[PDB]
Structure formats: C-alpha cells, structure tokens
>>> print(open('run.pdb').read())   # PDB, C-alpha atoms
ATOM      1  CA  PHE A   1       0.000   0.000   0.000  1.00  0.00           C
ATOM      2  CA  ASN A   2       2.650   2.505   1.093  1.00  0.00           C
ATOM      3  CA  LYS A   3       4.878   1.227  -1.707  1.00  0.00           C
ATOM      4  CA  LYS A   4       2.668   3.153  -4.118  1.00  0.00           C
ATOM      5  CA  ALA A   5       2.207   6.056  -1.703  1.00  0.00           C
ATOM      6  CA  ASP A   6       5.948   6.670  -1.526  1.00  0.00           C
ATOM      7  CA  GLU A   7       6.165   5.937  -5.243  1.00  0.00           C
ATOM      8  CA  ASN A   8       4.051   9.058  -5.603  1.00  0.00           C
ATOM      9  CA  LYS A   9       6.252  11.073  -3.249  1.00  0.00           C
ATOM     10  CA  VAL A  10       9.234  10.598  -5.576  1.00  0.00           C
ATOM     11  CA  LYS A  11       7.494  10.989  -8.951  1.00  0.00           C
ATOM     12  CA  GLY A  12       5.721  14.123  -7.733  1.00  0.00           C
ATOM     13  CA  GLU A  13       8.589  15.832  -5.928  1.00  0.00           C
ATOM     14  CA  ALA A  14      10.591  15.123  -9.074  1.00  0.00           C
ATOM     15  CA  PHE A  15       8.017  16.634 -11.415  1.00  0.00           C
ATOM     16  CA  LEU A  16       8.006  19.906  -9.483  1.00  0.00           C
ATOM     17  CA  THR A  17      11.795  19.766  -9.184  1.00  0.00           C
ATOM     18  CA  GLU A  18      12.180  19.805 -12.962  1.00  0.00           C
ATOM     19  CA  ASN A  19       9.138  22.063 -13.261  1.00  0.00           C
ATOM     20  CA  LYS A  20      11.233  24.847 -11.709  1.00  0.00           C
ATOM     21  CA  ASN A  21      12.556  25.344 -15.250  1.00  0.00           C
ATOM     22  CA  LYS A  22       9.261  26.900 -16.384  1.00  0.00           C
ATOM     23  CA  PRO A  23       9.913  30.686 -16.624  1.00  0.00           C
ATOM     24  CA  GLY A  24       7.991  32.904 -14.218  1.00  0.00           C
ATOM     25  CA  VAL A  25       8.044  30.391 -11.349  1.00  0.00           C
ATOM     26  CA  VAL A  26       6.990  32.512  -8.379  1.00  0.00           C
ATOM     27  CA  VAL A  27       6.401  31.251  -4.842  1.00  0.00           C
ATOM     28  CA  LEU A  28       3.407  32.512  -2.857  1.00  0.00           C
ATOM     29  CA  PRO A  29       2.972  33.121   0.919  1.00  0.00           C
ATOM     30  CA  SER A  30       1.379  29.666   1.056  1.00  0.00           C
ATOM     31  CA  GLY A  31       4.219  28.195  -0.994  1.00  0.00           C
ATOM     32  CA  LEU A  32       2.543  27.972  -4.402  1.00  0.00           C
ATOM     33  CA  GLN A  33       4.645  28.040  -7.560  1.00  0.00           C
ATOM     34  CA  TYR A  34       3.255  28.593 -11.055  1.00  0.00           C
ATOM     35  CA  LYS A  35       3.808  29.897 -14.576  1.00  0.00           C
ATOM     36  CA  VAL A  36       2.023  33.098 -15.577  1.00  0.00           C
ATOM     37  CA  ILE A  37       0.424  33.193 -19.018  1.00  0.00           C
ATOM     38  CA  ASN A  38      -1.995  36.131 -18.799  1.00  0.00           C
ATOM     39  CA  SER A  39      -2.028  38.030 -15.488  1.00  0.00           C
ATOM     40  CA  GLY A  40      -4.226  40.980 -14.564  1.00  0.00           C
ATOM     41  CA  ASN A  41      -6.835  42.208 -17.035  1.00  0.00           C
ATOM     42  CA  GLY A  42      -9.948  42.155 -14.823  1.00  0.00           C
ATOM     43  CA  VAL A  43     -10.757  43.376 -11.314  1.00  0.00           C
ATOM     44  CA  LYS A  44     -11.940  41.285  -8.303  1.00  0.00           C
ATOM     45  CA  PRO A  45     -12.185  40.936  -4.472  1.00  0.00           C
ATOM     46  CA  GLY A  46     -10.022  39.119  -1.941  1.00  0.00           C
ATOM     47  CA  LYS A  47     -10.344  35.442  -0.926  1.00  0.00           C
ATOM     48  CA  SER A  48     -14.053  36.231  -0.386  1.00  0.00           C
ATOM     49  CA  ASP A  49     -14.210  36.475  -4.180  1.00  0.00           C
ATOM     50  CA  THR A  50     -16.511  34.277  -6.271  1.00  0.00           C
ATOM     51  CA  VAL A  51     -15.562  33.382  -9.836  1.00  0.00           C
ATOM     52  CA  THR A  52     -16.679  31.053 -12.607  1.00  0.00           C
ATOM     53  CA  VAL A  53     -13.955  29.207 -14.491  1.00  0.00           C
ATOM     54  CA  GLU A  54     -13.033  25.994 -16.292  1.00  0.00           C
ATOM     55  CA  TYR A  55     -10.157  23.680 -15.400  1.00  0.00           C
ATOM     56  CA  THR A  56      -8.670  20.313 -16.191  1.00  0.00           C
ATOM     57  CA  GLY A  57      -6.921  18.495 -13.389  1.00  0.00           C
ATOM     58  CA  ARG A  58      -4.721  15.440 -13.520  1.00  0.00           C
ATOM     59  CA  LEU A  59      -2.721  13.418 -11.005  1.00  0.00           C
ATOM     60  CA  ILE A  60       1.028  12.886 -11.246  1.00  0.00           C
ATOM     61  CA  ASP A  61      -0.124   9.401 -12.229  1.00  0.00           C
ATOM     62  CA  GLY A  62      -0.481  10.751 -15.756  1.00  0.00           C
ATOM     63  CA  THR A  63      -4.258  10.280 -15.853  1.00  0.00           C
ATOM     64  CA  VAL A  64      -7.035  12.834 -15.465  1.00  0.00           C
ATOM     65  CA  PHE A  65      -8.920  12.412 -12.210  1.00  0.00           C
ATOM     66  CA  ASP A  66     -11.747  14.844 -13.007  1.00  0.00           C
ATOM     67  CA  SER A  67     -12.484  17.497 -15.633  1.00  0.00           C
ATOM     68  CA  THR A  68     -15.246  20.106 -15.373  1.00  0.00           C
ATOM     69  CA  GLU A  69     -14.866  21.071 -19.031  1.00  0.00           C
ATOM     70  CA  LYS A  70     -15.408  17.595 -20.478  1.00  0.00           C
ATOM     71  CA  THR A  71     -18.433  17.091 -18.229  1.00  0.00           C
ATOM     72  CA  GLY A  72     -19.997  19.953 -20.160  1.00  0.00           C
ATOM     73  CA  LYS A  73     -20.542  22.029 -17.031  1.00  0.00           C
ATOM     74  CA  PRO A  74     -18.224  24.960 -16.115  1.00  0.00           C
ATOM     75  CA  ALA A  75     -16.664  25.065 -12.656  1.00  0.00           C
ATOM     76  CA  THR A  76     -18.123  27.638 -10.255  1.00  0.00           C
ATOM     77  CA  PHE A  77     -16.673  28.107  -6.767  1.00  0.00           C
ATOM     78  CA  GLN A  78     -15.124  30.681  -4.437  1.00  0.00           C
ATOM     79  CA  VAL A  79     -11.403  30.915  -3.736  1.00  0.00           C
ATOM     80  CA  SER A  80     -11.973  30.551   0.035  1.00  0.00           C
ATOM     81  CA  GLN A  81     -13.840  27.246  -0.381  1.00  0.00           C
ATOM     82  CA  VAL A  82     -10.757  25.278  -1.509  1.00  0.00           C
ATOM     83  CA  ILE A  83      -7.553  23.901   0.057  1.00  0.00           C
ATOM     84  CA  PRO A  84      -5.114  26.329   1.809  1.00  0.00           C
ATOM     85  CA  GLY A  85      -2.611  26.501  -1.047  1.00  0.00           C
ATOM     86  CA  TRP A  86      -5.369  27.138  -3.592  1.00  0.00           C
ATOM     87  CA  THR A  87      -7.063  29.832  -1.485  1.00  0.00           C
ATOM     88  CA  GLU A  88      -3.804  31.796  -1.539  1.00  0.00           C
ATOM     89  CA  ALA A  89      -3.182  31.665  -5.303  1.00  0.00           C
ATOM     90  CA  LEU A  90      -6.806  32.082  -6.406  1.00  0.00           C
ATOM     91  CA  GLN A  91      -6.974  35.126  -4.119  1.00  0.00           C
ATOM     92  CA  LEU A  92      -4.450  36.856  -6.385  1.00  0.00           C
ATOM     93  CA  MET A  93      -6.002  35.609  -9.634  1.00  0.00           C
ATOM     94  CA  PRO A  94      -7.735  38.599 -11.341  1.00  0.00           C
ATOM     95  CA  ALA A  95     -10.747  38.231 -13.653  1.00  0.00           C
ATOM     96  CA  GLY A  96      -9.665  37.248 -17.165  1.00  0.00           C
ATOM     97  CA  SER A  97      -6.246  36.053 -15.984  1.00  0.00           C
ATOM     98  CA  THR A  98      -4.753  32.616 -16.686  1.00  0.00           C
ATOM     99  CA  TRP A  99      -2.452  30.825 -14.243  1.00  0.00           C
ATOM    100  CA  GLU A 100      -1.293  27.223 -13.923  1.00  0.00           C
ATOM    101  CA  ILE A 101      -0.534  26.162 -10.362  1.00  0.00           C
ATOM    102  CA  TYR A 102       1.138  22.995  -9.131  1.00  0.00           C
ATOM    103  CA  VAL A 103       0.767  22.464  -5.378  1.00  0.00           C
ATOM    104  CA  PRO A 104       2.705  19.557  -3.760  1.00  0.00           C
ATOM    105  CA  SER A 105       0.891  17.567  -1.045  1.00  0.00           C
ATOM    106  CA  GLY A 106       2.982  19.245   1.664  1.00  0.00           C
ATOM    107  CA  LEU A 107       1.149  22.471   0.797  1.00  0.00           C
ATOM    108  CA  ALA A 108      -2.398  21.111   0.533  1.00  0.00           C
ATOM    109  CA  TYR A 109      -3.730  18.290   2.715  1.00  0.00           C
ATOM    110  CA  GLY A 110      -0.251  16.875   3.214  1.00  0.00           C
ATOM    111  CA  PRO A 111       1.731  13.865   1.850  1.00  0.00           C
ATOM    112  CA  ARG A 112       0.075  11.872   4.633  1.00  0.00           C
ATOM    113  CA  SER A 113      -2.904   9.547   4.150  1.00  0.00           C
ATOM    114  CA  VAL A 114      -5.028  12.675   4.639  1.00  0.00           C
ATOM    115  CA  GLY A 115      -4.676  13.672   0.999  1.00  0.00           C
ATOM    116  CA  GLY A 116      -8.065  15.108   0.075  1.00  0.00           C
ATOM    117  CA  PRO A 117      -8.588  16.083  -3.612  1.00  0.00           C
ATOM    118  CA  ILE A 118      -4.845  15.754  -4.136  1.00  0.00           C
ATOM    119  CA  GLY A 119      -3.740  12.125  -3.852  1.00  0.00           C
ATOM    120  CA  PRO A 120      -1.348  11.188  -0.997  1.00  0.00           C
ATOM    121  CA  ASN A 121       2.244  12.259  -1.705  1.00  0.00           C
ATOM    122  CA  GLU A 122       0.979  13.153  -5.169  1.00  0.00           C
ATOM    123  CA  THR A 123       1.901  16.321  -7.027  1.00  0.00           C
ATOM    124  CA  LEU A 124      -0.908  17.674  -9.200  1.00  0.00           C
ATOM    125  CA  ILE A 125      -1.151  20.244 -11.986  1.00  0.00           C
ATOM    126  CA  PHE A 126      -4.001  22.717 -12.349  1.00  0.00           C
ATOM    127  CA  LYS A 127      -4.972  24.865 -15.320  1.00  0.00           C
ATOM    128  CA  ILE A 128      -7.140  27.773 -14.226  1.00  0.00           C
ATOM    129  CA  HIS A 129      -8.716  29.966 -16.855  1.00  0.00           C
ATOM    130  CA  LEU A 130     -10.526  32.801 -15.115  1.00  0.00           C
ATOM    131  CA  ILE A 131     -13.213  34.489 -17.197  1.00  0.00           C
ATOM    132  CA  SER A 132     -14.749  36.943 -14.731  1.00  0.00           C
ATOM    133  CA  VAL A 133     -15.697  37.561 -11.095  1.00  0.00           C
ATOM    134  CA  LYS A 134     -19.308  37.708  -9.878  1.00  0.00           C
ATOM    135  CA  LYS A 135     -20.657  38.591 -13.323  1.00  0.00           C
ATOM    136  CA  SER A 136     -17.533  40.592 -14.175  1.00  0.00           C
ATOM    137  CA  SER A 137     -17.960  43.159 -11.394  1.00  0.00           C
TER     138      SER A 137
END
>>> encode(input="run.pdb", output="structure tokens")
Amino acid sequence: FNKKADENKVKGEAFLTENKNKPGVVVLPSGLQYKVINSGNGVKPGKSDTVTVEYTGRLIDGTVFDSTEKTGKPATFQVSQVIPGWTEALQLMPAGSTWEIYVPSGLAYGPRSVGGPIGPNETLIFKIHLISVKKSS
C-alpha cells in the first residue's frame, strides 16, 4: 500500500523539481509556484471572491482524475472554499487572468494519508482559466 504512496512522493517531488525550469516560477505566501500566461486584465475581491472558471486536473499518475470542461458544465466556486494553497493563489487571480498552479501535497492536505482532492504524496497540476468575477464586477 505505502509502496505506491511513496512511489508518488518521488514521482511528484521530481516533477516539481524539474518544473522549476518553467519561466515565471513565483512562490506565494502559502508556498505555491506557477507559470504566468496572462495576469491581470480584470478586477476582483479578496479570498471572499466568487468566480466562474473551467479547469482540467490530472494526477502525477499521468491520468485525469476529473475534468469540469469535459463534463460539459463549467466550474463555479469561491477561492476561500478550496484547500489552503489554492485559497492563496486564487486570491491573487484577477478576472480574465490565466495561471497554472502545481501544489505539492505538503502544501495542501499533506503527503500523509489525509490527501483530500490531491492524492497522498501526489503532485498535481491545475490549469485555471478565469473568465470573470461575480458577473464581471
């Protein structure tokens, strides 16, 4: 059981290790690193912000675990309703922006068997395409 758990710890920590090559890698107060494609553009509130976006997430396992785009239904949630790491990054994501964040387990639920959305000792990649905040306020 743990053989696979640790197997994830190495493959994930390695992915992010090499990932550091991606230009624009900037660490956040929560420890989030990402690559900026289109930053700014629209306005928006702090972590109490509510935005509608579409994303495709996949586990370091190489297989998609869940996609809101393919389902045919956009993803709608507030930045303060997600894991710690995410709440920090999404709080800085302005309407219309486009960031890709990769948060290692140690920054989310933890590499321990308490890995919520992010598998245990699994590094995941997230593609967030923000359209607008609360009806483009």
>>> atom_distance(input="run.pdb", atom1="atom CA of residue 79 of chain A", atom2="atom CA of residue 58 of chain A")
19.5 Å
>>> residues_around(input="run.pdb", residues="residue 132 of chain A", least_positions_apart="5", cutoff="9 Å", atoms="all atoms listed in the file", output="VMD selection string")
chain A and resid 42 to 44 51 to 53 94 to 97 137
>>> residues_near_point(input="run.pdb", point="(-9.0, 24.3, -15.3)", cutoff="7 Å", atoms="all atoms listed in the file", output="count of residues only")
8
>>> atom_distance(input="run.pdb", atom1="atom CA of residue 109 of chain A", atom2="atom CA of residue 9 of chain A")
13.7 Å
>>> atom_distance(input="run.pdb", atom1="atom CA of residue 93 of chain A", atom2="atom CA of residue 10 of chain A")
29.6 Å
>>> closest_atom_pairs(input="run.pdb", of="segment 9-87 of chain A", to="segment 101-105 of chain A", cutoff="12 Å", atoms="all atoms listed in the file", output="CSV")
residue,atom,partner,partner_atom,distance
A:9,CA,A:105,CA,8.7
A:10,CA,A:104,CA,11.2
A:11,CA,A:104,CA,11.1
A:12,CA,A:104,CA,7.4
A:13,CA,A:104,CA,7.3
A:14,CA,A:104,CA,10.5
A:15,CA,A:102,CA,9.6
A:16,CA,A:102,CA,7.5
A:17,CA,A:104,CA,10.6
A:19,CA,A:102,CA,9.1
A:20,CA,A:102,CA,10.6
A:22,CA,A:101,CA,11.5
A:24,CA,A:101,CA,11.5
A:25,CA,A:101,CA,9.6
A:26,CA,A:101,CA,10.0
A:27,CA,A:101,CA,10.2
A:28,CA,A:101,CA,10.6
A:30,CA,A:103,CA,9.7
A:31,CA,A:103,CA,8.0
A:32,CA,A:103,CA,5.9
A:33,CA,A:101,CA,6.2
A:34,CA,A:101,CA,4.6
A:35,CA,A:101,CA,7.1
A:36,CA,A:101,CA,9.0
A:37,CA,A:101,CA,11.2
A:55,CA,A:101,CA,11.1
A:56,CA,A:101,CA,11.6
A:57,CA,A:102,CA,10.2
A:58,CA,A:102,CA,10.5
A:59,CA,A:102,CA,10.5
A:60,CA,A:104,CA,10.2
A:83,CA,A:103,CA,10.0
A:84,CA,A:103,CA,10.1
A:85,CA,A:103,CA,6.8
A:86,CA,A:103,CA,7.9
A:87,CA,A:103,CA,11.4
>>> closest_residue(input="run.pdb", among="A:8, A:91, A:71, A:41", to="residue 122 of chain A", atoms="all atoms listed in the file")
A:8
>>> closest_residue(input="run.pdb", among="A:47, A:2, A:18, A:124", to="residue 100 of chain A", atoms="all atoms listed in the file")
A:124
>>> closest_residue(input="run.pdb", among="A:89, A:99, A:21, A:106", to="residue 119 of chain A", atoms="only C-alpha atoms")
A:106
>>> axis_aligned_box(input="run.pdb", around="segment 105-108 of chain A", padding_each_side="5 Å", output="JSON")
{"center_x": 0.3, "center_y": 20.0, "center_z": 0.3, "size_x": 15.4, "size_y": 14.9, "size_z": 12.7}
>>> closest_residue(input="run.pdb", among="A:38, A:98, A:48, A:114", to="residue 81 of chain A", atoms="all atoms listed in the file")
A:48
>>> closest_residue(input="run.pdb", among="A:5, A:107, A:64, A:90", to="residue 121 of chain A", atoms="all atoms listed in the file")
A:5
>>> build_atoms(input="run.pdb", residues="segment 64-83 of chain A", atoms="N, CA, C and O atoms", output="mmCIF file, in the coordinates of the input")
data_model
loop_
_atom_site.group_PDB
_atom_site.id
_atom_site.type_symbol
_atom_site.label_atom_id
_atom_site.label_comp_id
_atom_site.auth_asym_id
_atom_site.auth_seq_id
_atom_site.Cartn_x
_atom_site.Cartn_y
_atom_site.Cartn_z
ATOM 1 N N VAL A 64 -6.090 11.856 -15.968
ATOM 2 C CA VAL A 64 -7.035 12.834 -15.465
ATOM 3 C C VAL A 64 -7.920 12.205 -14.403
ATOM 4 O O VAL A 64 -8.427 11.097 -14.578
ATOM 5 N N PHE A 65 -8.096 12.913 -13.300
ATOM 6 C CA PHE A 65 -8.920 12.412 -12.210
ATOM 7 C C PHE A 65 -10.332 13.002 -12.268
ATOM 8 O O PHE A 65 -11.284 12.394 -11.779
ATOM 9 N N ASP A 66 -10.460 14.183 -12.875
ATOM 10 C CA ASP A 66 -11.747 14.844 -13.007
ATOM 11 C C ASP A 66 -11.616 16.133 -13.814
ATOM 12 O O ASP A 66 -10.738 16.954 -13.550
ATOM 13 N N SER A 67 -12.490 16.301 -14.797
ATOM 14 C CA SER A 67 -12.484 17.497 -15.633
ATOM 15 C C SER A 67 -13.874 18.120 -15.686
ATOM 16 O O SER A 67 -14.851 17.447 -16.013
ATOM 17 N N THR A 68 -13.961 19.411 -15.366
ATOM 18 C CA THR A 68 -15.246 20.106 -15.373
ATOM 19 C C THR A 68 -15.628 20.545 -16.782
ATOM 20 O O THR A 68 -16.801 20.777 -17.073
ATOM 21 N N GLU A 69 -14.632 20.656 -17.654
ATOM 22 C CA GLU A 69 -14.866 21.071 -19.031
ATOM 23 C C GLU A 69 -15.488 19.945 -19.849
ATOM 24 O O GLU A 69 -16.470 20.153 -20.562
ATOM 25 N N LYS A 70 -14.911 18.753 -19.742
ATOM 26 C CA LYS A 70 -15.408 17.595 -20.478
ATOM 27 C C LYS A 70 -16.827 17.239 -20.050
ATOM 28 O O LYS A 70 -17.647 16.833 -20.872
ATOM 29 N N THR A 71 -17.110 17.393 -18.760
ATOM 30 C CA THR A 71 -18.433 17.091 -18.229
ATOM 31 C C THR A 71 -19.498 17.939 -18.918
ATOM 32 O O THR A 71 -20.674 17.577 -18.946
ATOM 33 N N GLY A 72 -19.073 19.069 -19.475
ATOM 34 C CA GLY A 72 -19.997 19.953 -20.160
ATOM 35 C C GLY A 72 -20.564 21.016 -19.242
ATOM 36 O O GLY A 72 -21.428 21.794 -19.646
ATOM 37 N N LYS A 73 -20.076 21.053 -18.006
ATOM 38 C CA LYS A 73 -20.542 22.029 -17.031
ATOM 39 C C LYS A 73 -19.366 22.801 -16.433
ATOM 40 O O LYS A 73 -18.510 22.214 -15.775
ATOM 41 N N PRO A 74 -19.308 24.131 -16.648
ATOM 42 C CA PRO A 74 -18.224 24.960 -16.115
ATOM 43 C C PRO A 74 -18.089 24.817 -14.604
ATOM 44 O O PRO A 74 -19.029 24.404 -13.925
ATOM 45 N N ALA A 75 -16.917 25.159 -14.083
ATOM 46 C CA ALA A 75 -16.664 25.065 -12.656
ATOM 47 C C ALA A 75 -16.926 26.408 -11.978
ATOM 48 O O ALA A 75 -16.354 27.424 -12.362
ATOM 49 N N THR A 76 -17.792 26.407 -10.968
ATOM 50 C CA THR A 76 -18.123 27.638 -10.255
ATOM 51 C C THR A 76 -17.944 27.475 -8.748
ATOM 52 O O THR A 76 -18.688 26.739 -8.101
ATOM 53 N N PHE A 77 -16.953 28.170 -8.198
ATOM 54 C CA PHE A 77 -16.673 28.107 -6.767
ATOM 55 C C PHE A 77 -15.886 29.332 -6.312
ATOM 56 O O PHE A 77 -15.317 30.054 -7.130
ATOM 57 N N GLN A 78 -15.859 29.559 -5.003
ATOM 58 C CA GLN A 78 -15.124 30.681 -4.437
ATOM 59 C C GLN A 78 -13.738 30.239 -3.991
ATOM 60 O O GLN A 78 -13.531 29.099 -3.574
ATOM 61 N N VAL A 79 -12.802 31.165 -4.086
ATOM 62 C CA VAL A 79 -11.403 30.915 -3.736
ATOM 63 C C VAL A 79 -11.212 30.476 -2.278
ATOM 64 O O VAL A 79 -10.266 29.751 -1.973
ATOM 65 N N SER A 80 -12.100 30.899 -1.385
ATOM 66 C CA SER A 80 -11.973 30.551 0.035
ATOM 67 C C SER A 80 -12.596 29.195 0.371
ATOM 68 O O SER A 80 -12.528 28.747 1.517
ATOM 69 N N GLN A 81 -13.200 28.542 -0.614
ATOM 70 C CA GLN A 81 -13.840 27.246 -0.381
ATOM 71 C C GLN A 81 -12.935 26.067 -0.760
ATOM 72 O O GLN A 81 -13.367 24.915 -0.720
ATOM 73 N N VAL A 82 -11.684 26.345 -1.123
ATOM 74 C CA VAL A 82 -10.757 25.278 -1.509
ATOM 75 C C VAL A 82 -9.611 25.112 -0.507
ATOM 76 O O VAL A 82 -9.558 25.800 0.512
ATOM 77 N N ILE A 83 -8.700 24.183 -0.809
ATOM 78 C CA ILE A 83 -7.553 23.901 0.057
ATOM 79 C C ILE A 83 -6.706 25.151 0.312
ATOM 80 O O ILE A 83 -6.711 26.081 -0.495
#
